[PDB]
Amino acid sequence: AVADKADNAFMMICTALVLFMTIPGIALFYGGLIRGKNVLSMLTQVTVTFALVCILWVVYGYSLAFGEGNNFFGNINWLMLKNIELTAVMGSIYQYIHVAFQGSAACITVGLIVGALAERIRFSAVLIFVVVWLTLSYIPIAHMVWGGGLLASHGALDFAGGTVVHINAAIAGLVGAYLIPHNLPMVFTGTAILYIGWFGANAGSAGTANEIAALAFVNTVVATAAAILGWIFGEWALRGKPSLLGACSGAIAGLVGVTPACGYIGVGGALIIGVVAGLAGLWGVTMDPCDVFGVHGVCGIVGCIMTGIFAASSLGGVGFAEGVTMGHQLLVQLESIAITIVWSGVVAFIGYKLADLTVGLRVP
């Protein structure tokens, strides 16, 4: 296997785009939402835990998530990336690029949690939680879905992280809230940067600048647009008028919904997933810190289920694997969702409780 320089180029730019989602994307999104007196502290916590995730990732995170191990975790053979030669190829790109790309996905997941809870949580407590939860939740779930583990081996479809990123972080946020907008142009700016960066996430999940990356790119455009319109219509119906936060939340709803699906569906399915995600998102926030689950959880679940529908050739998808019915695939999607929810929840509980027993959760 020789690295393709076009794929190298594409994947490095895609990684920069995903990093852009956290720094400053998610930080600006939460920054406009939370109380003004908490903005600077939140921005600090997002920046510092971003740094921490990057370092934990290189030290042992990548090895435990993407090394060959068992159904649940990898190994400790790639500590500080030892035993990975610089010219080592993974797929069609240098493995180093796969390290950086996968690391940037861990970063956005943690940014979603920290941004939402920074208001309510002590600094030292969030650092402890991050270490526990990144190590015992994100890493095993990344391994199970993308590292050849339990879920991948049963044929779970999750292109860019409906489970690993969105459901995963939404449950940690929900456990957080349970245990513990002044600048709308800022929220919009955050949303926009999130949208643009997300193309690196969705298309880059192909691992190559091929027709699947192209598909995921177009689907991302279609599903985000459909979700904005879906949310806004429901908002006009329920509330009498659209709002900027509505439009922005709609965009995020479509982006989340299409994340597990983008590389498997036709543009028709993307339009349908978008509309359903936008509406489900609006229902979610109507019926949870900064509506993390309300959108990332609900729309993550919706998207992961609908992938099991719209991957069908019949519906314009790339097709299920050989010998797989829609019936069987839907069940596998449901099982993957359930596993992610319980795994994240249990680990998150452990994380917050360890923090609470050590330094105390609630901010003095």
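The first residue of the shown sequence is 1; numbering continues from there.
- Count the deposited residues lacking coordinates between residue 287 and residue 288 and you get 4 to 9 of them.
- The entry shows a gap from residue 180 to residue 181, with 10 or more unmodelled residues of the deposited sequence in between.
- The PDB entry reports B-factors from which the mean C-alpha value can be compared for 116 to 124 and 243 to 251; the larger average falls on 116 to 124.
- Higher mean CA temperature factor between 209 to 217 and 75 to 83: 75 to 83, per the PDB entry.
- Within the listed group 225, 142, 93, 160, the record reports its top CA B-factor for 225.
- For the set 318, 52, 295, 315, the PDB entry assigns the largest Cα B-factor to 295.
- Residue 354: CA B factor lies in the lowest third for its chain, per the PDB record.
- Compared with the other modelled residues of the chain, the Cα B-factor recorded for residue 234 ranks in the middle third.
- Residue 307 sits in the highest third of its chain by CA B factor, as recorded in the PDB entry.
- In this PDB entry, residue 133 carries a Cα temperature factor that places it within the middle third of its chain's modelled residues.
- Sort the chain's modelled residues by C-alpha temperature factor and residue 32 lands in the middle third, per the entry.
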